Amino acid sequence: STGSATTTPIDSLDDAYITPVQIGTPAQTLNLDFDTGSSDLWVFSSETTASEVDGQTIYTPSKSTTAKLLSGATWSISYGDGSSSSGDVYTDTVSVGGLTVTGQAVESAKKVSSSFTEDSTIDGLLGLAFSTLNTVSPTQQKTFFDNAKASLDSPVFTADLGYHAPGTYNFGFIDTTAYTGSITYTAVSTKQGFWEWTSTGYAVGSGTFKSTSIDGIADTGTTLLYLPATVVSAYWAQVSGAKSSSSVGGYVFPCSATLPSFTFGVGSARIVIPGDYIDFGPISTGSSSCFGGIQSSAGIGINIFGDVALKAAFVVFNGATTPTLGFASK
């Protein structure tokens, strides 16, 4: 089998992407944030504290003839941005782009933190990291990809995120029309539960390539590109007036600037992030200070190849017995 679904930016900045997901019988369609950096499929629901729902579409398990309470199971997750959610668990039928999994754990939120409530466009998350990170207790549950894998034509999914435009998540096949050149595959460590890999270096604008190993994670659920402070300083030093602002929480730059590109290495291959992809717009409405799309990872503990990086590529998440990642230009 295969599946193919369009993913759409939630706003004019590409702060996140939503993909429609069918849950239950009859189908209830929710728009979920596909997140290769986490491993829980959780949704706003009829169980979510009413004051914490503000415009989201909810899953109502009592209206699904295939929903079953997973007795005794609870979940609770905290994300790198400080947000969190928790609740109980059903199993139900879940379909993405024509690919159907029966018995998928659907984690129903009883509580969500304020940032989730405040984002009316995201109805939940669909985790695509390794199932060892799934938070369901006392019996850990499998991701949608893990459940579908054996049925897929090939044990892969691909992320093709757009810049200010829709893109595609495919399951079970590699669309050879969706990229240019060849796909360069690189090794993955699953030891932390992430799609963790090592970039071979970087360049700023038209500058020379610096060969240096940068271990990080391919994370569709993180907006920005988080890299070591040395790399980030070298990038922003090429932008007149750019500075790190403790009060804003990262590098800012004059909105009048034209940003240089940023290149990252994948083996001997190179992925170029155009400068425009690094502009996240005014720090507050009407400000002439703009927020940068490349930020330091120094306070995180891990480097994160988030959407800013991934949307410059066609990305293969290869879930073969030994997982690997593939990157192609597009």
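Using the numbering of Swiss-Prot, the residues shown for chain A are 90-419, in order.
If you're wondering, the header gives X-ray crystallography, 1.3 Å.
Every residue gets a Cβ built from N, Cα and C, even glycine.
According to Swiss-Prot, the protein carries these features:
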| type | residues | note |
| --- | --- | --- |
| DOMAIN | 106-417 | domain 'Peptidase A1' |
| ACT_SITE | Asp124 | active site |
| ACT_SITE | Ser288 | active site |
| DISULFID | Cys344-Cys379 | disulfide bond |
Most crowded position, judged by CB atoms within 10 A, among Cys344, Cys379 as disulfide-bonded residues: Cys379
Candidate nearest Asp124 (active site) in space, where candidates are the recorded positions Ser288, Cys344, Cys379 and distance is Cα-Cα: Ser288
Rounded inter-Cα distance in Å - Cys379 (disulfide bond), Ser288 (active site): 27
Integer Å distance between the CA atoms belonging to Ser288 (active site) and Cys344 (disulfide bond): 29
Cβ atoms near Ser288 (active site) (within 10 Å, other residues, all chains): 22
Cβ neighbour count within 10 Å of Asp124 (active site): 21
